[PDB]
Amino acid sequence: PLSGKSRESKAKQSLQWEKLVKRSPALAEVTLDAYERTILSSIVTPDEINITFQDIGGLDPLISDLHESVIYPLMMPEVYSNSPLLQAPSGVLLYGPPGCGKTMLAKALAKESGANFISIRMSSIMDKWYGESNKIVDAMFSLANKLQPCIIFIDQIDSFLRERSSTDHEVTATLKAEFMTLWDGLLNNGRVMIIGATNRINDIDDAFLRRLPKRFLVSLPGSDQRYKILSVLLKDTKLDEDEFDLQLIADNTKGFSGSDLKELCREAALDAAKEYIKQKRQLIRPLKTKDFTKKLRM
Amino acid sequence: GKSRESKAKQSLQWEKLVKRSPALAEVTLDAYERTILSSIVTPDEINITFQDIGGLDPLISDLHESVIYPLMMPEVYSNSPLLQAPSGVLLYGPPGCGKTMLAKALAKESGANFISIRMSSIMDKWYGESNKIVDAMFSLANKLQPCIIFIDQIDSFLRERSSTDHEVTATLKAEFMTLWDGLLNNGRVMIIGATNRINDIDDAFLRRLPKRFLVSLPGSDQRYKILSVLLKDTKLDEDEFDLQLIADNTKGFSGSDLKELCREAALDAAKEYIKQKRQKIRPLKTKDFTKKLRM
Amino acid sequence: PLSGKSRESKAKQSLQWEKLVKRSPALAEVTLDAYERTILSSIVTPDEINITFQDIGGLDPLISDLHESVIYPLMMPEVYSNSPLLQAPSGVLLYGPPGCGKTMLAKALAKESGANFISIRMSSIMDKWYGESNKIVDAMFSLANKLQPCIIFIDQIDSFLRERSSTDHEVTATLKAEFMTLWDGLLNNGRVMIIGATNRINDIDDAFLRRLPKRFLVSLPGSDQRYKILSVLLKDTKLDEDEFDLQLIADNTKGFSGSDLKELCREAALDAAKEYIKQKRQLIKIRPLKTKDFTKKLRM
Amino acid sequence: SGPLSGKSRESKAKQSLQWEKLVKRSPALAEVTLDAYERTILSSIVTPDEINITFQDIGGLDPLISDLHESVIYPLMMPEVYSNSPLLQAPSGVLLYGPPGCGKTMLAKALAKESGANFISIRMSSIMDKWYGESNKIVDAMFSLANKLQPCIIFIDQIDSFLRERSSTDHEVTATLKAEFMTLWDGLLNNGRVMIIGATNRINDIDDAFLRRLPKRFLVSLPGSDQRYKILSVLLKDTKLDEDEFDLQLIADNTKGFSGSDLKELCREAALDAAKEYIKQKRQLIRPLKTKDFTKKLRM
Amino acid sequence: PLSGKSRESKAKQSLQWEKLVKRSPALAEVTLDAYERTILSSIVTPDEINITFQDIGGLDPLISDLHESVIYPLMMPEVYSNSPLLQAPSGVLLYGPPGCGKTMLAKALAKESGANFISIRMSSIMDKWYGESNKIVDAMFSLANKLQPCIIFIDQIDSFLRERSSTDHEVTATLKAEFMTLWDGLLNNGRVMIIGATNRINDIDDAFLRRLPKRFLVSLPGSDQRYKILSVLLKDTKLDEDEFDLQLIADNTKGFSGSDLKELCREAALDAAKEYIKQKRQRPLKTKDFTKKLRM
Amino acid sequence: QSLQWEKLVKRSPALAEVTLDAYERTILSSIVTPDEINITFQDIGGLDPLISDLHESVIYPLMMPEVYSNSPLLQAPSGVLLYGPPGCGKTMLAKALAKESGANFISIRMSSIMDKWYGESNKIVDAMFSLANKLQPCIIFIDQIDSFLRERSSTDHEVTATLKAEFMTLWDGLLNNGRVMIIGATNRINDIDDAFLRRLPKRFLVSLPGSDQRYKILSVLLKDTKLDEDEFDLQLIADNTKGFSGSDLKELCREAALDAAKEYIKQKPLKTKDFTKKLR
Ligand SMILES: Nc1ncnc2c1ncn2[C@@H]1O[C@H](COP(=O)(O)OP(=O)(O)OP(=O)(O)O)[C@@H](O)[C@H]1O
Ligand SMILES: Nc1ncnc2c1ncn2[C@@H]1O[C@H](COP(=O)(O)OP(=O)(O)OP(=O)(O)O)[C@@H](O)[C@H]1O
Ligand SMILES: Nc1ncnc2c1ncn2[C@@H]1O[C@H](COP(=O)(O)OP(=O)(O)OP(=O)(O)O)[C@@H](O)[C@H]1O
Ligand SMILES: Nc1ncnc2c1ncn2[C@@H]1O[C@H](COP(=O)(O)OP(=O)(O)OP(=O)(O)O)[C@@H](O)[C@H]1O
Ligand SMILES: Nc1ncnc2c1ncn2[C@@H]1O[C@H](COP(=O)(O)OP(=O)(O)OP(=O)(O)O)[C@@H](O)[C@H]1O
Ligand SMILES: Nc1ncnc2c1ncn2[C@@H]1O[C@H](COP(=O)(O)OP(=O)(O)OP(=O)(O)O)[C@@H](O)[C@H]1O
Ligand SMILES: [Mg+2]
Ligand SMILES: [Mg+2]
Ligand SMILES: [Mg+2]
Ligand SMILES: [Mg+2]
Ligand SMILES: [Mg+2]
Ligand SMILES: [Mg+2]
């Protein structure tokens, strides 16, 4: 493989490998080919992720559905083994408008599911040489089969799994065909899940969409959903006991996404802490509803 | 790839071919045929038979009478060239209708050897490596006389006429298609193709797949059969279950869509039993299925 | 190829890395791969930029809002460490009509801030080789993580972060996806902030606009803003004490952007020194700028 | 490095020939090295020997030529004369606009000959490339090379197509090309004495952000009665005219709406029909031009 | 590029190149790029054209003006090298109503003149890849400069030189801009002449129209002009000695173009040879044969 | 190797030497070969003078160049236009022309020419004309040329304007075609451009059928059908039909037989009364 092979990269690959055999002692005496070692640099261990499922608000019906049909069937196959129809999905699509916690769910998936996480990107798959892109995808599925409870995550999956056409490069179409064959094809994988997140679900190819049968629509938050998101965002922050009305802010932030509320919480936090920060810089305060409505527009 | 696990796999795959047919003991393979041997699929790996594919009995019988039986006993199919096994069989249709399931059943429930290459095992950085791999692939097909060279996703496998295509795949275009023309002599080896976009396959390259097997979206009666095989090994109830209603309700559903519908309905039906065991499976009514569909 | 091994480029990369280690001694002993070394040619040190925050007029509320909400939370995290919502923005967009001072703010951000500045141009990112652009962006985010207080500035960001469509090329569709994943994905970045300037905010994709939560509108100058911009532009320039009236010019420059006032000052100063230039050109005292030369280049 | 463009034997010979002329004109460029992309821009270098047209060959436009000299040429090529004030700098871009045929290309050819600046008459064929990201690198090298040859002029004839108004329906590479051109033109890490002179007959098609990058605008409008006579006299220079019958003033009167190119064709027809008797004698084996020769083509 | 890389094209490109060497031996030492080689497929040698200037009727004043103002200044610079204004035009527009012989004049220009004729079409210019059409146009002008006595002919030029708009395609807009820059720009073309035939002159851009200063109006034939067109078309035909009245047919064809008269002769020839056609499957012309198909 | 090309080589052995490119191969898919259609010149009713004129002015000058080599003005026309009210059988004429005339029919529509990329439509048209030049006796039929050869203006799209100009250039330009002939079957002759109407100088007016023409059409369409001797009168049906196209009589003859059939199906016949029961 004429990719990676850097001093930082090879140190990263060994560092993740010593982590993986530490989480699972059965991963010892498992030989990985050279292409599979380059995939190991994309392994995300739970200590890297600082996001807990409790840090995602307003998605508890979706989180419970994520645990009931995706996490527990994969990570606990001993209790779903009474019938062959209680298996994990071949793929999961965390689609929806931008702002809603699709990557929050994937980060919590990387931390609390317990499965090995491969947060692979296009830079680790695309290679300038002829057959290296295909052998990377072959190794990515092969390594995920060796680490049997694995989740392969491709953020912004609408670009990797875009609709096939005559515009497609010779490598990309062959790359997509190789991904299709290993995903749901001959010589089926073990407990390997391809979890994806995207803003444009319709940009994904129909043959790739059929390989993501469990689709989670993380839509824009409602009035109650925004209140739960604002509560988790404003946790570990001193709010006013009487001069704070979180319900009013939730109703006024109609159409606000999760990231929009975070910036609103951020902008209101520096607005509230303007006096304290200026005093500290020259050398806090309970957050009120007037601070949020100052940056708001009703 | 002569890389430890690859070497172990090729030796193990060759060992499996020995017990499958002891006539191959005297046959010797070189290095490039050995690197193709890692793609050999044996029926022990596949767990999908022809009885696992519902809603496809006319196509399965047509598959047997055109590609399977003419290969296994060509003596009785040599009366006419039409009854002989074609050198190219294409399984095409909308995705999720069982093209791969037919390939899984072809690998398992057939006495022929089953080469299952991917495009990763063929393309290589070094010049001439891809041509020698393809040449050894057809040579290995001649050595294993009842062989099937299965190519999933034919659309990207050397089936494209574009100026952006490289010269390495341009000579791979000719090398594969010249050896394909030589496959019509013996007739005991075919190339089986699976695809969901027949428009991407080149018309000048499609003629070398004369046998076409259209696996369309399931009909009302076909979805009834597919729902039946998907729900086997799962215990049901006999009074409050009407699987006929689900078959008509799932309009436009593919086989993969029904498998997800069956899987999701089974999880919701077993939710109470899973909750007990996490910290007997409840009967599967038609209410769980009809909750998932739009009607 | 990596399109970074040019003789001038390699000397530029070594020179920029020497300045980065000189500014931040902790940047030594770190390891830079081949792709990350090419991004070093896009590093902008404060000695390159000659433009200060004091050289931007009319945007004092915006400059103050830039300091308290963007610069100070990023470069002084210990002041902002008491609350977890006091962090620097993951993205900053300086949008508005052209010629109003978005690059002026970006120049002062490069100079008057301790953050390492990566003013990456798009010729460095896109490459003819397959998958080279994705690794370059991955290296650009990787390098910005090594230089922990960092600013990745992309001028005219509406072309990079354009609204995604099926007509987009595969290399850019993966390039935008790679940029999106590293901007806000699983591997959360450190003090990396991506700052953008554009005239077409609506051309930016919705998923990319959400990655630029802090947005500064550098709109067309008002009557008071035009006077402040004219005063800054006419600094180090002799103006007449009685005949010159900056208030009349500022009110008469309705709809004038900051760049339009610079050209108006450029024409007015050229005609003011035309007699002096003709005397100097024949051989090879600047006349003070009055209101008449500014108004004769202007429309009432 | 190195695009498919500027790789032929003819092109490589042109780049080498253009570089020797540049080194001969400016001896300081001998030590200057260039990247493979900057070499391809060298084929677009226009030396004064390639242009046979001077400012004295442009009839009319004398206030425009003087304004071109005092505000564009002299502040650029004589920075020491204009170094007294910082506002006496040369403009970042020049736009010669107006109806076609009035002499915008005449001014650029005269600018290419007797301004003293290195001239890069780039075209869209030299900029656009079929490979991904090469057009951005070509534009980047175009600004890079123009910075090496410090008093440079990058001339883009018909600039309304290169700098067209940006839209969501614009091409992926073209919108990327315009953003890259915008960043290098007026962005951080500003250029030196690089000038971007543009000539077009559709000013309103130019983008607003590109039009603000062309602050010095010259309107080469349709010639007036006195301007038509000055163009007519220059066109009829080195041509025999009748001492009594010819009346140049009268012909200029009944050429209302005639551009400079229309007068050239009128002169071409009048000179050809006056010499037809001489042409017949020469072909088988010129009287002075009169007023009736011009009026037989003119409409009264 | 890739358009001029197919074996049929390269065979034509090679064949067209040698025909220039026999016609002009000085072109043997001139080398060409890949883009320049593609344009060579549009080179029209005089052997391809079977129409001379003698085959054009009713346009003798225009042909004489065509020779005096277009052909001779371009092909005899030494004859005209006494005044700077005695030069070939930068462009020639053969505009008028259809059928009057604008393309026939270009055919005679291709045959009865030694100028290399690049009869480029819009399909040879436009390419699906980015910037290839601009490089093709650059090669088209550069090859014509390497073939110094040259004529670049674009038939139906109103589409190529259409009025520029903000709604124009980006590649088309840059194609027109690249064409205008090379047609009249900093780099002066050497004896390169662009001739165009069109019906919608007003659809041509004003900046493109100034690059076609010499304009020939090939209008509908008059009563006198219809006589020569009829006579030239009816050549190599027995006609009649006393039963033929060409003046009567010419006067009865008001509003008839050359194409209309050509098919009028074609229908009359079929009716006159109607008896001989039946005999051959198993005659002198008459005025009644022409008046039968005519509508008076 | 394509199915159309082997049949073309089998009919004309000289086509084996001729090499084709990709766009010509794309044009090859629209080649109309006489075996897959069954429309016959003798199945055309009421147009026998038009049949004779079409034959003698189109087929024999184009298919028999040895016969017409005596005079330079006996050549085939550049184009042929079949225009008139709809339903009179212009498509019938084109299909029968494809059958009996052995010229390699190229029946393209306004769908194969259009491509989503820049320049591929003009290249497709150029390859269509080049393939027509290669298959020297040929007819390029374009149904509904009012869509293709619409009158030019300043408001047309750039792709369509370039397509029309490039088609005009190949139709009659410097490079003269061989025995290449183009047929358009339109309903509106005024919608065609003046220059495009010029390139179709052989106009054939397929007008509304007259009484004699209506009688011939009714006689032809009633083939393989049982008609009464004295109870059935085709002259009365022909006279009663006023302003009726050939397709209307196809609808009439099918339905009039059906009305006689349904009373015959009820038993398990066709008279002038049965024809005029629905005919008003
Ligand atoms: N439901 C939520 N609850 C709490 N915080 C949230 C929620 N949704 C978003 N956020 C906050 O906003 C940020 C936005 O990132 P997020 O994971 O939502 O991206 P996304 O919308 O999935 O991304 P993409 O733009 O690729 O679609 C999160 O990191 C988190 O801080
Ligand atoms: N006819 C069928 N009978 C039973 N199950 C089926 C059938 N078709 C599909 N399925 C179910 O759906 C799954 C997906 O089918 P499969 O992979 O064979 O589809 P495909 O048509 O080959 O897809 P693709 O074109 O996307 O590669 C199967 O593994 C099986 O569970
Ligand atoms: N507020 C201002 N104060 C002083 N000078 C200004 C101001 N705004 C603009 N200028 C002048 O105009 C130029 C700044 O243009 P700049 O590149 O920042 O524009 P922009 O608004 O970012 O637009 P664009 O995106 O088109 O580049 C400088 O030369 C500067 O002298
Ligand atoms: N002012 C002028 N004085 C003298 N000659 C002129 C003048 N304007 C035009 N001409 C003559 O007409 C020709 C056409 O002028 P030129 O090419 O400069 O036009 P332009 O205004 O740049 O138009 P376009 O927009 O078509 O490029 C010149 O080459 C020159 O011979
Ligand atoms: N002056 C003429 N003498 C003889 N025949 C003529 C003359 N003008 C036209 N014709 C006949 O009519 C035809 C006109 O075709 P031509 O291509 O020359 O027309 P055009 O005027 O250029 O129009 P278009 O724009 O429609 O192509 C000629 O091919 C020829 O048969
Ligand atoms: N003259 C005719 N003789 C016999 N049958 C005819 C005649 N005209 C029409 N028909 C019948 O009616 C059908 C419709 O006619 P056809 O489509 O050929 O007419 P058209 O004028 O070309 O139509 P359109 O303008 O609508 O395309 C024919 O297929 C045929 O069955
Ligand atoms: Mg995300
Ligand atoms: Mg499959
Ligand atoms: Mg700017
Ligand atoms: Mg010009
Ligand atoms: Mg013509
Ligand atoms: Mg029809």
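Chain E is numbered as in Swiss-Prot; shown residues: 38-319, 337-350, in order.
How was it done? The header gives electron microscopy, 2.9 Å.
Every residue gets a Cβ built from N, Cα and C, even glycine.
Taken from Swiss-Prot, the feature ATP binding site covers E:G133, E:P134, E:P135, E:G136, E:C137, E:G138, E:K139, E:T140, and the record attributes it to sequence analysis. Contacts of E:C137 (ATP binding site) defined by a Cβ separation under 8 A and a same-chain sequence distance of 6+ are given as E:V255, E:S256, E:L257, E:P258, E:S294, E:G295, in order along the sequence.
Distance across the unmodelled 17-residue segment, from the CA of E:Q319 to the CA of E:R337, is 17 Å in the deposited entry. Less than 8 angstroms from a Cβ of chain F: among the binding-site residues E:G136, E:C137, E:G138, E:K139, E:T140, that describes E:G136, E:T140. Listed in sequence order, the residues E:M141, E:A234, E:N236, E:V255, E:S294, E:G295, E:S296 complete the 8 Å Cβ shell around the ATP site centroid, once E:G133, E:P134, E:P135, E:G136, E:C137, E:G138, E:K139, E:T140 themselves are left out. The secondary structure of E:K139 (ATP binding site), as reduced to three states from DSSP, is helical. Minimal Cβ crowding within 10 Å, among the binding-site residues E:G133, E:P134, E:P135, E:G136, is found at E:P134.
Cβ neighbour count for E:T140 (ATP binding site) (all protein chains, 10 Å cutoff from its Cβ): 25. Among the binding-site residues listed (E:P134, E:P135, E:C137, E:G138, E:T140), E:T140 have a CB atom closer than 6 Å to some atom of ligand 11, in sequence order. In sequence order, E:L131, E:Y132, E:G133, E:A234, E:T235, E:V255 make up the list of same-chain residues 6 or more apart from E:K139 (ATP binding site) whose Cβ falls under 8 Å from its Cβ. All protein chains included, E:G138 (ATP binding site) registers 27 other Cβ atoms within 10 Å of its own Cβ.
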